[PDB]
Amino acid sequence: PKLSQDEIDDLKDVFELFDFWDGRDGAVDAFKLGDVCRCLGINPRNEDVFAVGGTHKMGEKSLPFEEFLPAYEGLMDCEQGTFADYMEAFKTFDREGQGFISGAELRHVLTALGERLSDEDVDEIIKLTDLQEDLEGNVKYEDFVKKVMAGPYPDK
């Protein structure tokens, strides 16, 4: 909606990069619509992205810039999780109540529940957040949630 018209140029810069990456032609594969938006700072769920036109695989539909406008606009309204919800989520997996979840349990929730991530994605986020298990094989989920929420450069 009330995009800064800066967020429009922002979207233009992102669009151009992705357009370039699947063949510079002024169109971005619809399978990348979600990733474009993610580059603009938002965290849409798969389901949010499909609902605005994102497709399920490469090579199905290609979209021009003007198509990305309403899509990005629509996604900004997408619900984003809060720290409270994340802690409430993980708390359910904390039998002991000491803020720990086993590295295995964490990998399980991330790859088997909700809109499941791949074991490779999990590998990458664990690596990027430099998440470490203690001697018992456990991790402090609060730290992980905070690292994830803060971003790759660490205030996001």
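Note that residue numbering follows the sequence shown and begins at 1.
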Checklist line | 129-137 versus 17-25 - greater average Cα B-factor per the deposited record | finding: 129-137
Checklist line | Mean C-alpha B-factor comparison - 44-52 and 27-35, higher one | finding: 44-52
Notebook entry, point to check: In terms of the chain's CA B-factor thirds, is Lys61 lowest, middle or highest?
Noted result: lowest
Item checked: Relative C-alpha B-factor of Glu142, binned into the chain's lowest, middle or highest third -> lowest
Check: Lowest, middle or highest third: where is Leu69 by C-alpha B factor in its chain?
Finding: highest
Check: In terms of the chain's CA B-factor thirds, is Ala104 lowest, middle or highest?
Finding: middle
